[PDB]
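Participant: Quick one: this structure, given as C-alpha cells, is what I'll be asking you about.
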Amino acid sequence: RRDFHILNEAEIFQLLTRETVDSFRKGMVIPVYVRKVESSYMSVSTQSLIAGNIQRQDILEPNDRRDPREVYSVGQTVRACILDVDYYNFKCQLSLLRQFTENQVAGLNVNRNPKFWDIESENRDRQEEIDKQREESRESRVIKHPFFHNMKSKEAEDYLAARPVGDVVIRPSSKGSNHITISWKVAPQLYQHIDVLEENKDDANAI
Amino acid sequence: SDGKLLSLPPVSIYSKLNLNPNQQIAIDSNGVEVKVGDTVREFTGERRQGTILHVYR
Amino acid sequence: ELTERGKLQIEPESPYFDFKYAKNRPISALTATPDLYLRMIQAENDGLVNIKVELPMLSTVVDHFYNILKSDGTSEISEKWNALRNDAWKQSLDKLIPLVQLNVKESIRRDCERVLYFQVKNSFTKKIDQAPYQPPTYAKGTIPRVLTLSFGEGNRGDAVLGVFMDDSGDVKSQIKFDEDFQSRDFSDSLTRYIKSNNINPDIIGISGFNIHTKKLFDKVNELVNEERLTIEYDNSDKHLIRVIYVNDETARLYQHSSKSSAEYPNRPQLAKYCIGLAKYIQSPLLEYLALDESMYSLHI
Amino acid sequence: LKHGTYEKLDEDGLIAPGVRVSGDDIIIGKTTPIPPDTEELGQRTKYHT
RNA sequence: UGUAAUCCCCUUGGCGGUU
C-alpha cells in the first residue's frame, strides 16, 4: 500500500469548513453576517465561521458619501461577493458593490452553443415567464355618493336618457382609480363625460 | 437539499447540524433578512408559500 | 424534450439545468460522461423531461429501403402498387422506431452504468489504499504509537481531550485538559504529560468539527517546535514528533456506533472519537472494515 | 438562577448593610449541591454541579 | 471580540380588612 496520505490545503479546508473549493471561490454571492463595523473596514462572518473583511472602498457605493456605521450596523447581515480566498488561513475578502451582488445571475458555466443548446427555446420561455410576472390583478371601485352609479359610459348615457336635461351621474373612470368620470345630459340623446383627477387620495375606494 | 428521498439507518447519519441563529441566516431576493418560521412566497414557478423550517446555504 | 413539469421545475440551481435544452448530443461521446446520461434518465423518470433519439439521415435509409422495395413500373397500376408499398413501409417504420429507440436507450444506459461502476470502484480503491503512517528510522508497515488530541467545537466551555494508544492497539491512558488551551498552564500540562509519563507518541493527530481546531493545531505545532519534543528511539539527530490533521469519517461514525459503547462503557463520546482517530492512523483498512454497512454511506 | 441581580452580594453570599435594594434583588445567596451530569465529557470545569 | 440570565410547593392554622 501507498504511504499515509497527508491532507493538503484544499483537503484541510474542505474537512474543516465542510465547504468545497468549487462552491466557495471567486464570483460567488453569500449571505454573510456583519460582526463589527468600522469607518475604514467592516468585519463580517460567513455561515461557515469564515471570518471576512471588506475595505472601505466597497461597503458603500462609490457615489454615496455616507458613513459605514450609519448605513450598516452590527447584526445586519447583507449579501456579499467573494473577491479573494485565503484557503490556508480561512480568510476571505468580500465586495458589496451591486455590480457583483446583482449582475452575477448566470453563474453557471454551461456551454450554450446553439449546435447543442436550444437558446431560442430558453429565450422564449424567458419572455413567457417575464410576461407572467407582468400579469397582475385588478378589481372594481366602490364609492358612496347619492349621484354615484357604477355604470358604463353607454349605461350612464342610457340611465340619463330617461331623465331630463341637466341630471348628473358619477361613474368610475377608465384612466385609473385616481380618475372619475362625470356624465351629465347636455341635450336629448346628448351627454358629456368629464374626467376628474383626484389628488391626496386616502384610499382607492375613498374620495 | 437536492429534492430526493433516502432511507438510511440511524447509525449511518453523521450528526445533527446544530446551528445558532448567527449561523442559520436567510436573505430573500430583495435583500431583506428573513428568519426562522417566517412565511415567504416563491417569486416564480408554482409561486407556493410556507413557513421556513430550516435554512442551509 | 420538456414537459410542463419540466418547464416549471428545472431551475437554474437544480442539477437538471445542465440539459434543459440540449440538442443533437452525440451518442458516442455519452460513454465518456456517464453521469450526464444517468441524470437525464433520472429527470425523465421524474416526469419532467423526455429523451428522444433521432437520426439526421433517417430519410436516407427510408428512401434506400423504398428504392430496394419499390417496383420499376410506370403505369398507373404500377403507381398504385408503389403507393401501397410505400404507405405500408411508412406504417412499418412508424411501428419499428420506438422499439429500436428503446433498445438503443437500454444499451447506452448499460454502458454508462458500467462506466460509472468502474469509476466508483477506482475511487473507493484510491480511498482505501494507504499504508499506516511510517515513523522515521523504521521500516514500512510498522505500527506507530499514536496520541490524539481533540476538543470538538471550541465554544466557551470546550475542554481538550487526549487519548494515547500504543502500537499494540490498546488504550493506555486518557487525560483531560480543563484549562484554556491558550494559557501557559495548558502548554505546561501537555509537556508534562508528553515527557514525564514516558508516553513518547510517534505521531500526534488533531481533528475537530470546525475551524477552531486550526488554532489548536497551530498552538500544538508551536509547542512542539519550542520544547523540541523529539521521539524516543530505542537503542544522532533526533527527529521531532509529527503533528498532522486526520480524516475522521470513520471516527465520526465510530463515536456513534454501539460497538464503541460495548467496548468502552464508561468513556465519553469525545474519547471514542479520539480512539477512532488513533485506530484510523494505526490501520485505515481495519477502520474502514469496521463500518460494516455504514461504509456504503461514505462520500465515495 | 433567579432573574434578579446577584451583583450586590458580598464574597460570603450575604448583602452588606447600607446598600439600597429593589424588588427581586438577591439578598441571600445560597446553593445546593446536585449530582454532576456527563458534562465532564468536554466541559473545561464549566459544568453545573 | 468575550458575550450574561428566566424559575416555585402543598396542606393545615391563626389573625386580620370590607360589607
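Ordered as shown in the C-alpha cells, chains take letters A, B, and onward, while each chain numbers its residues from 1 and ligands are numbered from 1 in the order shown.
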May I have a table of the residues of chain E lying at most 9 Å from chain D, giving each one's closest pair of atoms and their distance in Å to one decimal, counting only C-alpha atoms (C1' of nucleotides), ordered by chain and ascending residue number, as JSON lines?
Facilitator:
```
{"residue": "E:5", "atom": "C1'", "partner": "D:3", "partner_atom": "CA", "distance": 6.0}
{"residue": "E:6", "atom": "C1'", "partner": "D:3", "partner_atom": "CA", "distance": 5.4}
{"residue": "E:7", "atom": "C1'", "partner": "D:2", "partner_atom": "CA", "distance": 6.3}
```
Participant: Counting only C-alpha atoms, collect the residues of chain C whose closest atom lies at most 9 Å from chain D, and write them out as number ranges by chain.
Facilitator: C: 151-152, 156-161, 176-180, 267-271
Participant: Pull C-alpha atoms from the residues just selected and write them as a PDB file, in the first residue's frame.
Facilitator:
```pdb
ATOM      1  CA  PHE C 151     -11.908  19.273  21.779  1.00  0.00           C
ATOM      2  CA  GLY C 152     -14.654  19.109  19.137  1.00  0.00           C
ATOM      3  CA  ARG C 156     -16.537  28.709  25.668  1.00  0.00           C
ATOM      4  CA  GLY C 157     -16.610  25.564  27.783  1.00  0.00           C
ATOM      5  CA  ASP C 158     -14.815  23.160  25.429  1.00  0.00           C
ATOM      6  CA  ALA C 159     -12.071  21.216  27.194  1.00  0.00           C
ATOM      7  CA  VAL C 160      -9.406  19.394  25.184  1.00  0.00           C
ATOM      8  CA  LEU C 161      -9.405  15.598  25.445  1.00  0.00           C
ATOM      9  CA  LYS C 176      -8.397  15.815  30.428  1.00  0.00           C
ATOM     10  CA  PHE C 177      -7.123  19.366  29.985  1.00  0.00           C
ATOM     11  CA  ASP C 178      -9.607  21.587  31.815  1.00  0.00           C
ATOM     12  CA  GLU C 179      -7.735  24.886  31.423  1.00  0.00           C
ATOM     13  CA  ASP C 180      -7.864  27.221  28.436  1.00  0.00           C
ATOM     14  CA  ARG C 267     -15.996   6.658  28.367  1.00  0.00           C
ATOM     15  CA  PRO C 268     -17.167   9.945  26.843  1.00  0.00           C
ATOM     16  CA  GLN C 269     -18.116  10.340  23.203  1.00  0.00           C
ATOM     17  CA  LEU C 270     -15.074  12.532  22.537  1.00  0.00           C
ATOM     18  CA  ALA C 271     -12.884   9.758  23.947  1.00  0.00           C
TER      19      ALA C 271
END
```
Participant: Would you please give, as a ChimeraX atom specification, all residues of chain A that DSSP assigns to helix (DSSP H, G or I) based on the backbone?
Facilitator: /A:9-17,56-59,68-71,98-101,119-134,153-161
Participant: Find the distance between atom CA of residue 228 of chain C and atom CA of residue 136 of chain C and write it in Å to one decimal.
Facilitator: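 We find that atom CA of residue 228 of chain C and atom CA of residue 136 of chain C lie 16.0 Å from each other.
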Participant: Can you list, as JSON, numbers by chain, every residue of segment 28-76 of chain A that DSSP puts in strand (DSSP E)?
Facilitator: {"A": [29, 30, 31, 32, 33, 34, 35, 36, 37, 41, 42, 43, 44, 45, 51, 52, 53, 54, 55]}
Participant: Can you write out the residues you just picked, keeping N, CA and C atoms, as a PDB file, in the first residue's frame?
Facilitator:
```pdb
ATOM      1  N   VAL A  29     -21.864  34.687  -4.471  1.00  0.00           N
ATOM      2  CA  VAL A  29     -22.617  35.573  -3.592  1.00  0.00           C
ATOM      3  C   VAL A  29     -23.109  34.770  -2.398  1.00  0.00           C
ATOM      4  N   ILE A  30     -22.777  35.237  -1.193  1.00  0.00           N
ATOM      5  CA  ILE A  30     -23.171  34.542   0.034  1.00  0.00           C
ATOM      6  C   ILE A  30     -23.726  35.547   1.023  1.00  0.00           C
ATOM      7  N   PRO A  31     -24.714  35.123   1.816  1.00  0.00           N
ATOM      8  CA  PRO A  31     -25.285  35.998   2.862  1.00  0.00           C
ATOM      9  C   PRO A  31     -24.464  36.003   4.151  1.00  0.00           C
ATOM     10  N   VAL A  32     -23.406  36.810   4.154  1.00  0.00           N
ATOM     11  CA  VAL A  32     -22.530  36.890   5.315  1.00  0.00           C
ATOM     12  C   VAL A  32     -23.198  37.716   6.413  1.00  0.00           C
ATOM     13  N   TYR A  33     -22.682  37.568   7.630  1.00  0.00           N
ATOM     14  CA  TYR A  33     -23.248  38.192   8.818  1.00  0.00           C
ATOM     15  C   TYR A  33     -22.276  39.244   9.333  1.00  0.00           C
ATOM     16  N   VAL A  34     -22.764  40.473   9.501  1.00  0.00           N
ATOM     17  CA  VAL A  34     -21.916  41.558   9.979  1.00  0.00           C
ATOM     18  C   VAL A  34     -21.614  41.353  11.458  1.00  0.00           C
ATOM     19  N   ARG A  35     -20.332  41.409  11.814  1.00  0.00           N
ATOM     20  CA  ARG A  35     -19.901  41.183  13.186  1.00  0.00           C
ATOM     21  C   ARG A  35     -19.262  42.405  13.826  1.00  0.00           C
ATOM     22  N   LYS A  36     -18.668  43.297  13.035  1.00  0.00           N
ATOM     23  CA  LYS A  36     -18.054  44.509  13.559  1.00  0.00           C
ATOM     24  C   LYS A  36     -18.007  45.546  12.446  1.00  0.00           C
ATOM     25  N   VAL A  37     -18.419  46.771  12.759  1.00  0.00           N
ATOM     26  CA  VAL A  37     -18.476  47.864  11.797  1.00  0.00           C
ATOM     27  C   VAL A  37     -17.451  48.916  12.197  1.00  0.00           C
ATOM     28  N   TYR A  41     -13.228  49.816   7.535  1.00  0.00           N
ATOM     29  CA  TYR A  41     -13.487  48.447   7.112  1.00  0.00           C
ATOM     30  C   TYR A  41     -14.673  47.908   7.897  1.00  0.00           C
ATOM     31  N   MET A  42     -15.226  46.798   7.413  1.00  0.00           N
ATOM     32  CA  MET A  42     -16.260  46.069   8.133  1.00  0.00           C
ATOM     33  C   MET A  42     -15.845  44.612   8.245  1.00  0.00           C
ATOM     34  N   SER A  43     -15.937  44.064   9.453  1.00  0.00           N
ATOM     35  CA  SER A  43     -15.614  42.670   9.712  1.00  0.00           C
ATOM     36  C   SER A  43     -16.907  41.866   9.761  1.00  0.00           C
ATOM     37  N   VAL A  44     -16.997  40.842   8.911  1.00  0.00           N
ATOM     38  CA  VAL A  44     -18.201  40.037   8.780  1.00  0.00           C
ATOM     39  C   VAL A  44     -17.831  38.568   8.909  1.00  0.00           C
ATOM     40  N   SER A  45     -18.837  37.757   9.225  1.00  0.00           N
ATOM     41  CA  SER A  45     -18.681  36.319   9.371  1.00  0.00           C
ATOM     42  C   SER A  45     -19.633  35.606   8.423  1.00  0.00           C
ATOM     43  N   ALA A  51     -14.142  34.065   8.807  1.00  0.00           N
ATOM     44  CA  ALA A  51     -14.087  35.497   9.069  1.00  0.00           C
ATOM     45  C   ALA A  51     -13.704  36.244   7.799  1.00  0.00           C
ATOM     46  N   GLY A  52     -14.404  37.343   7.524  1.00  0.00           N
ATOM     47  CA  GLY A  52     -14.142  38.124   6.338  1.00  0.00           C
ATOM     48  C   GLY A  52     -14.042  39.598   6.669  1.00  0.00           C
ATOM     49  N   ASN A  53     -13.447  40.341   5.739  1.00  0.00           N
ATOM     50  CA  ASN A  53     -13.291  41.779   5.876  1.00  0.00           C
ATOM     51  C   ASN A  53     -13.458  42.439   4.516  1.00  0.00           C
ATOM     52  N   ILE A  54     -13.946  43.678   4.535  1.00  0.00           N
ATOM     53  CA  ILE A  54     -14.100  44.489   3.336  1.00  0.00           C
ATOM     54  C   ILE A  54     -13.467  45.846   3.597  1.00  0.00           C
ATOM     55  N   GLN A  55     -12.593  46.278   2.694  1.00  0.00           N
ATOM     56  CA  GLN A  55     -12.035  47.616   2.786  1.00  0.00           C
ATOM     57  C   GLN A  55     -13.102  48.653   2.452  1.00  0.00           C
TER      58      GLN A  55
END
```
Participant: Nearest residue to chain C out of A:146, A:27, A:107, A:164, using only C-alpha atoms?
Facilitator: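 Smallest separation from chain C among the options: A:107.
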Participant: Find the residues around residue 10 of chain B up to 10 Å (only C-alpha atoms (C1' of nucleotides) counted), leave out those fewer than 4 positions away in its own chain, and share them as a list in words.
Facilitator: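 Those residues are residues 14 and 15 of chain B; 256, 257 and 294 of chain C.
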Participant: Excluding same-chain residues fewer than 3 positions from residue 85 of chain A, what lies within 12 Å of it counting only C-alpha atoms (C1' of nucleotides), as an mmCIF file with N, CA and C atoms, in the first residue's frame?
Facilitator:
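What ended up in out-v1.cif:
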```cif
data_model
loop_
_atom_site.group_PDB
_atom_site.id
_atom_site.type_symbol
_atom_site.label_atom_id
_atom_site.label_comp_id
_atom_site.auth_asym_id
_atom_site.auth_seq_id
_atom_site.Cartn_x
_atom_site.Cartn_y
_atom_site.Cartn_z
ATOM 1 N N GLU A 9 -3.900 21.784 1.572
ATOM 2 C CA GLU A 9 -4.664 22.973 1.937
ATOM 3 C C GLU A 9 -6.128 22.838 1.536
ATOM 4 N N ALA A 10 -6.382 22.365 0.313
ATOM 5 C CA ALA A 10 -7.760 22.191 -0.135
ATOM 6 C C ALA A 10 -8.482 21.137 0.696
ATOM 7 N N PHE A 13 -9.188 22.542 4.174
ATOM 8 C CA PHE A 13 -10.286 23.498 4.098
ATOM 9 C C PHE A 13 -11.631 22.792 3.970
ATOM 10 N N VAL A 21 -14.137 23.610 -2.455
ATOM 11 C CA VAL A 21 -13.450 24.723 -3.105
ATOM 12 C C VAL A 21 -14.265 25.246 -4.280
ATOM 13 N N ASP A 22 -15.007 24.365 -4.958
ATOM 14 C CA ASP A 22 -15.832 24.802 -6.079
ATOM 15 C C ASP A 22 -16.987 25.678 -5.614
ATOM 16 N N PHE A 24 -17.109 27.554 -3.018
ATOM 17 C CA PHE A 24 -16.639 28.754 -2.321
ATOM 18 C C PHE A 24 -15.385 29.234 -3.052
ATOM 19 N N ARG A 25 -15.567 30.179 -3.970
ATOM 20 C CA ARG A 25 -14.462 30.695 -4.767
ATOM 21 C C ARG A 25 -14.841 32.082 -5.284
ATOM 22 N N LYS A 26 -14.019 32.603 -6.188
ATOM 23 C CA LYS A 26 -14.256 33.922 -6.763
ATOM 24 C C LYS A 26 -15.564 33.942 -7.548
ATOM 25 N N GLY A 27 -16.247 35.082 -7.498
ATOM 26 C CA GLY A 27 -17.504 35.245 -8.207
ATOM 27 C C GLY A 27 -18.663 34.459 -7.635
ATOM 28 N N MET A 28 -18.817 34.459 -6.314
ATOM 29 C CA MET A 28 -19.942 33.817 -5.655
ATOM 30 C C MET A 28 -20.552 34.783 -4.647
ATOM 31 N N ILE A 50 -16.192 31.405 8.572
ATOM 32 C CA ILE A 50 -15.061 32.018 7.885
ATOM 33 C C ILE A 50 -15.126 33.526 8.093
ATOM 34 N N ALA A 51 -14.142 34.065 8.807
ATOM 35 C CA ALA A 51 -14.087 35.497 9.069
ATOM 36 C C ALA A 51 -13.704 36.244 7.799
ATOM 37 N N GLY A 52 -14.404 37.343 7.524
ATOM 38 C CA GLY A 52 -14.142 38.124 6.338
ATOM 39 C C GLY A 52 -14.042 39.598 6.669
ATOM 40 N N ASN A 53 -13.447 40.341 5.739
ATOM 41 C CA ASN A 53 -13.291 41.779 5.876
ATOM 42 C C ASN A 53 -13.458 42.439 4.516
ATOM 43 N N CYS A 81 -20.085 39.423 -2.172
ATOM 44 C CA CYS A 81 -19.473 38.659 -3.250
ATOM 45 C C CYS A 81 -18.017 38.381 -2.911
ATOM 46 N N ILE A 82 -17.596 37.129 -3.093
ATOM 47 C CA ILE A 82 -16.237 36.738 -2.750
ATOM 48 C C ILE A 82 -15.263 37.302 -3.775
ATOM 49 N N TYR A 88 -5.515 28.635 3.213
ATOM 50 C CA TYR A 88 -4.681 28.200 4.329
ATOM 51 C C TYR A 88 -5.114 28.852 5.637
ATOM 52 N N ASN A 89 -5.458 30.138 5.598
ATOM 53 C CA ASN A 89 -5.779 30.895 6.803
ATOM 54 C C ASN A 89 -7.273 31.120 6.985
ATOM 55 N N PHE A 90 -8.107 30.558 6.102
ATOM 56 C CA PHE A 90 -9.563 30.671 6.204
ATOM 57 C C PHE A 90 -10.007 32.129 6.283
ATOM 58 N N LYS A 91 -9.378 32.974 5.469
ATOM 59 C CA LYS A 91 -9.696 34.390 5.388
ATOM 60 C C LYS A 91 -10.163 34.721 3.977
ATOM 61 N N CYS A 92 -11.179 35.574 3.879
ATOM 62 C CA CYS A 92 -11.718 35.965 2.584
ATOM 63 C C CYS A 92 -12.031 37.451 2.588
ATOM 64 N N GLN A 93 -11.966 38.048 1.401
ATOM 65 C CA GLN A 93 -12.337 39.438 1.194
ATOM 66 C C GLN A 93 -13.574 39.500 0.310
ATOM 67 N N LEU A 94 -14.461 40.436 0.627
ATOM 68 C CA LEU A 94 -15.780 40.499 0.021
ATOM 69 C C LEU A 94 -16.010 41.879 -0.580
#
```
